[PDB]
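K.L.:
Sharing a structure here in structure tokens format.
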Amino acid sequence: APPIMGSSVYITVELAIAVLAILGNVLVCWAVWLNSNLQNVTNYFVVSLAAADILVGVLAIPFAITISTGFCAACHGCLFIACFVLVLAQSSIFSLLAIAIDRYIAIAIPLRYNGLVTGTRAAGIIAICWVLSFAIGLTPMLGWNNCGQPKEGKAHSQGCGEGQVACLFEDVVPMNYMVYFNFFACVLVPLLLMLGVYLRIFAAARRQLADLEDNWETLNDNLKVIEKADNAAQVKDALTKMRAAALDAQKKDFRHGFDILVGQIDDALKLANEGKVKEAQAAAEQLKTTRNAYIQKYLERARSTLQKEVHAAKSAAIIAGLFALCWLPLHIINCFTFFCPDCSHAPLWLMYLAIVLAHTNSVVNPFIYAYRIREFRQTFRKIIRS
Ligand SMILES: CC(C)CCC[C@@H](C)[C@H]1CC[C@H]2[C@@H]3CC=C4C[C@@H](O)CC[C@]4(C)[C@H]3CC[C@]12C
Ligand SMILES: CC(C)CCC[C@@H](C)[C@H]1CC[C@H]2[C@@H]3CC=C4C[C@@H](O)CC[C@]4(C)[C@H]3CC[C@]12C
Ligand SMILES: CC(C)CCC[C@@H](C)[C@H]1CC[C@H]2[C@@H]3CC=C4C[C@@H](O)CC[C@]4(C)[C@H]3CC[C@]12C
Ligand SMILES: CCCCCCCC/C=C\CCCCCCCC(=O)O
Ligand SMILES: Cn1c(=O)c2[nH]cnc2n(C)c1=O
Ligand code: NA
């Protein structure tokens with residue numbers, strides 16, 4: 001069977017993916033430039049991520065096509081075109097890990113969030129990750145490669161000149177690097193961390209969501225036992241437990257509503273200490289209007305804000321998920337090639353299928369923002385319409 005015919009499909013799909021990679025991610029970068037609301041610390045890691053996806057369609061995919069030919073080239077030159085995609089992958093992981101941490105700081109200590117993360121501190125972080133990504137990605141070029149024991153039969157078959165080799169991935173890149181160093185240390189380890197990071201995010205949101213409900217119940221259940229109370233001692237316990245939850249739930253309309261709430265508990269409390277039973281019961285009745293004029297609104301404003309931060313977390317969680325699903329197949333085939341020599345090698349069409357599946361990750365990113373993030377959605381429309 002002709003080799004080029006099967007190759008014709010692969011090249012066509014690769015070019016198609018490149019087109020969607022460049023266009024889709026350019027729209028993200030253009031969106032952040034225009035809109036001011038999209039200019040924040042979280043989106044800066046998004047643009048860094050989009051930068052990696054753009055560079056896939058421009059270089060990594062052209063590089064992926066050129067490798068498949070098995071053309072003649074210097075072994076060191078062959079290493080760059082084979083390993084450059086590893087730089088772009090390592091950059092994305094650091095970007096995904098940063099977003100997870102940025103979302104964790106935003107939900108854990110929202111007070112300290114303004115002081116811990118800033119605009120400039122993020123730029124320095126991104127630079128370090130890009131520098132580290134080049135080091136990690138292009139590690140084989142420092143000496144950990146198969147240039148020392150080349151395939152001379154393939155070199156003479158291909159008609160390669162002296163010093164040149166038939167440039168193929170599995171020929172120049174050792175599998176111990178791809179499995180132990182790249183897959184396990186650099187990919188799998190940070191991915192497991194993102195799992196644990198997002199787990200602590202949802203768990204933290206779960207606690208705050210019975211906190212705001214425990215205090216609400218603490219307020220109501222202590223109110224109705226003042227009405228049917230027996231003595232001054234009963235009114236004390238119910239009000240002192242309410243006063244505890246009053247300050248607890250607090251952690252200018254905000255501070256003003258509570259000054260009236262706690263102020264009314266203080267007044268009703270002092271009537272209990274004086275022994276005024278019926279006047280203490282009646283004073284605590286004024287809390288009901290107070291409750292449903294300020295508090296109940298802060299119950300559905302604070303609760304509303306929690307759903308925003310959780311929806312933002314899930315939206316980010318999907319990206320890291322889709323990244324894992326796209327890349328993992330290719331890593332497993334590397335694990336089979338490495339760990340099982342008794343097994344047959346994976347067919348060439350399956351190799352092609354895994355590569356394009358890894359490349360597709362570059363396309364899926366902008367579709368998630370538009371479908372999930374409302375600000376990105378409305379931003380895209382006015383750009384397309386103009
Ligand atoms: C700024 C962007 C657009 C430019 C991209 C640079 C690319 C096209 C250049 C930079 C260095 C180049 C490599 C340098 C050396 C060799 C060895 C030679 O035997 C085959 C080509 C090969 C492997 C080159 C391939 C193309 C290459 C990777
Ligand atoms: C999703 C994350 C947790 C990783 C998935 C687990 C990976 C590392 C596991 C799942 C199945 C495993 C393979 C199952 C079968 C074989 C054939 C055997 O002769 C050698 C080991 C080898 C080649 C295993 C290598 C590692 C492997 C690919
Ligand atoms: C991560 C999720 C989506 C799982 C994806 C499935 C991948 C990782 C699995 C499913 C079945 C697997 C294949 C089963 C059998 C063989 C034959 C062996 O001679 C080479 C590897 C090869 C070809 C395996 C490669 C990896 C493989 C394609
Ligand atoms: C779509 C955006 C990418 C822009 C570049 C498009 C062209 C690059 C794709 C393929 C050509 C690259 C080289 C192909 C194999 C070289 C042949 C050889 O030297 O034997
Ligand atoms: C990342 N990667 C691999 O892990 C791999 N294994 C075999 N070809 C491969 N190619 C072309 C590749 O890009
Ligand atoms: Na990417």
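Numbers here mean position along the shown chain, with the first residue as 1.
For this deposited structure, the header notes the method as X-ray crystallography, 3.5 Å.
Cβ coordinates come from backbone N, Cα and C, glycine included.
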K.L.:
In Swiss-Prot, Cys78 sits in a disulfide bond; tell me which of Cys147, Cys160, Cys167 is on the other end.
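P.N.:
Looking through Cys147, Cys160, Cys167, the record in Swiss-Prot gives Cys167 as the partner of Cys78.
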K.L.:
Looking at Swiss-Prot, which one of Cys335, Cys343 makes a disulfide with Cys340?
P.N.:
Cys343
K.L.:
Of the listed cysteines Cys29, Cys72, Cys75, which one does Swiss-Prot record as disulfide-linked to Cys160?
P.N.:
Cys72
K.L.:
Taking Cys75 as one end of a disulfide recorded in Swiss-Prot, give the other end from among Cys147, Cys186, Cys326, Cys335.
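P.N.:
So the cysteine that Swiss-Prot bonds to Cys75 would be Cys147.
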K.L.:
Near the transmembrane segment (9-33), which same-chain residues lie under 8 Å Cβ to Cβ, leaving out any that are not at least 6 residues past its ends?
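P.N.:
Sequence-distant neighbours of the transmembrane segment (9-33): 39, 43, 46-47, 50-51, 53-54, 56-58, 61-62, 64-65, 68, 352, 356, 359-360, 362-363, 365-367, 369, 376, 379-380, 383.
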K.L.:
If you measure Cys72 (disulfide bond) to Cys167 (disulfide bond) at Cα, how many Å is it?
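P.N.:
Counting only the Cα atoms, the answer is 6 Å.
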K.L.:
By DSSP assignment, list the helix, strand and coil residue numbers for the topological domain 'Extracellular' (68-78), in that order.
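P.N.:
Tallying H, G and I as helix, E and B as strand, the rest coil: 6 helix, 3 strand, 2 coil.
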K.L.:
So which residues does the topological domain 'Extracellular' (340-347) touch in its own chain, when a touch means Cβ under 8 Å and the partner is 6 or more beyond its ends?
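P.N.:
Counting only partners 6 or more residues beyond its ends, the topological domain 'Extracellular' (340-347) has Cβ contacts under 8 Å with 333.
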K.L.:
Report the nearest neighbour of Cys160 (disulfide bond) in space among the disulfide-bonded residues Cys75, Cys147, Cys343, comparing Cα positions.
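P.N.:
That would be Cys75, the closest of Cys75, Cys147, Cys343 to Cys160 (disulfide bond).
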K.L.:
Counting only residues 6 or more past its boundaries, what in the same chain has a CB within less than 8 Å of a CB in the topological domain 'Cytoplasmic' (34-43)?
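P.N.:
Answer is 99, 102-103, 106, 117-119, 122, 375-376, 379, 383.
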